[PDB]
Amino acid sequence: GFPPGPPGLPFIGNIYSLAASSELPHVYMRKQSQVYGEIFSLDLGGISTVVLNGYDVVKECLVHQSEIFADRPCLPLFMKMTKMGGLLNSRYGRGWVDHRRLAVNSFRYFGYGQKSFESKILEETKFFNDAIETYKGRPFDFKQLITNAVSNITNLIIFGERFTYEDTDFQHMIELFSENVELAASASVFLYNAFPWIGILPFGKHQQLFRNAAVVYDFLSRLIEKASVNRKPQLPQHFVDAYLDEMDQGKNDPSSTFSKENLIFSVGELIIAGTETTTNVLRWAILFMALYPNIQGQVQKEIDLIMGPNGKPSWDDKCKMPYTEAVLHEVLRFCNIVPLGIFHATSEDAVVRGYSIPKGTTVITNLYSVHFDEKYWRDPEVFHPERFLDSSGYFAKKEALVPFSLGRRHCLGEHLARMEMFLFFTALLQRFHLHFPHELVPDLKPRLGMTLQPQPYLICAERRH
């Protein structure tokens, strides 16, 4: 019948287990799969949940049974925030198809599908690097500038413009939205979802999340208004105009799923999905380059060979730069920015590997455990870019690397993110040498959150040529 799993206390189930563990949840779950198998279950305060561990079981569900596992779970928090509409936490259905299709098309059309786009990224690297230079090699935290820079790339697509690094109102909105992605992972919210009557309690991380969500919702709708002011119907300049075009064409269809609400939800989802994740990839990579300068320098050696010490980075250089691509893939594999993906749910009663999974069960894809699957990786616990190089020195793509997930819900911003990653990384490492202050001992244990990010750390960036 249902998959087995560790026991915990009545009422709260394995919320106790996760909470009581020294380990972060994805690590905890991986360890439990060594006892209970690749597919096991957790009881999260009475919400029944199955966890998928290792590459084979994750592929078997999200790919072989893609429609069955394409859904999102109706956790109280998700219902409150977005009523299971929008895009990211939309239920699998027509609503999702509509918003997904529009986003995919918008990102090609207003983004990388256009000849001029790559240089808009490069402009952002100049703004970014220039900002870094202003510190004149003195130690500082990159978090804010990186966030500014990365978020601007999607701002171009969604709003048709970048915002300046003085726009603290926008920055403040992103700051609250990040807290929410972090708080989504807390015991407090796992309990809230189990016992939603906890909403009566005025104190705690759940009230912080709802308060934040309110402030974020208002701001985003105000931006969306400002973005639609000069709109020329059926000639859109960005995703917002495109969305409004859609609402116009579905005016007489009552079952049309586009709405002012769903526009705010899907815009917010697109903004935070891009900013949280890519920012953190770069923050992890910078951390590791400062920690392992022989790797940093080998990357820089390739930049100098292929880009020259002075030439403008190009996406087209990627395939002349396998060691650089290797480092970046190894950051993704090792640091696991989205360790447990986004939770799925079964759109119907499912049977997988003999076990039954009733419709609506939360299904956690432990992407961490895929990246550490010893069937497919040698010494996964070791940071070693070289694992991605083949015997001729070229980058070798591995099927068991899935940091953007698989199946119907796979990251929709994958291609854009890879361009940003590559171009920001090379632009930065071409212009600066990075190292820690007083060579201070930095912390590599990630913070608990729906994404993994490093603790605050200072860096010195010193010009090179």
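Heads up: residue numbers just count along the shown sequence, starting at 1.
The mean C-alpha temperature factor is higher for 226-234 when 352-360 and 226-234 are set side by side.
The stretch 245-253 shows the higher mean C-alpha B-factor when 138-146 is compared against 245-253 in the entry. Among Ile264, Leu389, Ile200, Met81, the highest C-alpha B-factor in the deposited entry belongs to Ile200. When the C-alpha B factors of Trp284, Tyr217, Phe372, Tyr112 are read from the deposited coordinates, the top value falls at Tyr112. Among the modelled residues of the chain, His99 sits in the middle third by CA temperature factor in this PDB entry.
Sort the modelled residues of the chain by CA B factor and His329 lands in the lowest third.
Among all modelled residues in this chain, the alpha-carbon of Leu428 has a temperature factor (C-alpha) in the middle third. For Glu414, the recorded CA B-factor ranks within the lowest third of the chain. Only modelled residues enter the ranking. Annotation for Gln453: CA B-factor lies in the middle third of the chain's modelled residues.
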